[PDB]
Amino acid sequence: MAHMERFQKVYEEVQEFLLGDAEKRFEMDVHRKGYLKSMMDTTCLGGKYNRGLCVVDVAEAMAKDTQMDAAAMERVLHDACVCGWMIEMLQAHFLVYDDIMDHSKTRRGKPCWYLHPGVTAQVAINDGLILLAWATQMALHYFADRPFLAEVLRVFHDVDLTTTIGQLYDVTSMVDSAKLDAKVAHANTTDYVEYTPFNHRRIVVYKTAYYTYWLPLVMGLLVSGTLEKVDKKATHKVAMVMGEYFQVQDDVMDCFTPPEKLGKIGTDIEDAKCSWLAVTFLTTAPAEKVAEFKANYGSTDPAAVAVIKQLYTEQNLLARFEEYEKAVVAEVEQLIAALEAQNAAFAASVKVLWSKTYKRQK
């Protein structure tokens, strides 16, 4: 929408900055400079830019609600774009690692970075660290004289921590939690006791909600200097609700949306993930169907996978998702009404975010 063109211009600026700083500081040669350019473009581009563009929608909503001159509005928007790129590059970094962890094939319609034959998991592992480091470099450089530098770093780093703990819950969700010893191999579960609504919510809140919903909102507020003009606790709550839903959508599109339209080949089923479908199925389905699920789940065999999808379809998981979505919409709507009573400007930028989220198809 409104800010794409400006946001993409800032990408070019920030890339030239970053590559030039490496030349100046690290004696970066021409070939590695180009490798780094292709790496940044491959990992950071091609997504929907929902997190980055939110920073800009929020910042501008709040800046217009303030009285400021042309140069100050221009500054807010530019800083917002830089902040948005910190988050997109945080995403880039998380996706490089997660694609390795999940041993996946495609991301955003192209092979996963680690799967580029001129890269491999060995180089990709270090490329991911460069991405994370650059996001902090952006703040240190662009916001060196800004009052919100310290607060930006604190929220960005807190969120980076939060997401790694989220990923921890995710990556250990298929193993009995009583059996984690860094000294003993552990088999995947066969009984699925821990596939509970509580465990699924815990995963999604921490691995997705904080960095996808909370971070863009807060950063938008930080760069426009209006973080003390909104109810902190309601902002966190609406971000948790939308974020949980956003990840329920993800765990509901990797089992029913063609890879081709999504841009990625989910393997929740093969990998026995504690997805919203698995928890919803395990807690509502009849007993023979639960057993048949346990004999088929967690299996690479395409015939086992097809059995799970058939069981999910018989269980009416799409319709259960529709009902959950109605409940979410009801709650979001009212959290937004209450934010609107306090700060109508901020509440509008929450609608813009929610609009890009509700009933999305990829």
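Start at 1 and count along the sequence shown; that's the residue number.
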Of 24-32 and 303-311, the one with larger mean CA B-factor: 303-311
Comparing 199-207 with 277-285, the one whose average Cα B-factor in the PDB entry is higher: 277-285
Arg146, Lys232, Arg154, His78, ranked by C-alpha B-factor: the highest one: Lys232
Residue, from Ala291, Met86, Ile265, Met240, that the PDB entry assigns the highest Cα B-factor: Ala291
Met39 - Cα temperature factor, lowest/middle/highest third of chain: lowest
Chain-wide C-alpha B factor ranking for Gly46, given as lowest, middle or highest third: middle
Third assignment of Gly166 from its chain's C-alpha B-factors: lowest
Ranked C-alpha temperature factor of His141 among modelled chain residues, by third: lowest
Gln247 CA temperature factor, ranked by third within the chain: lowest
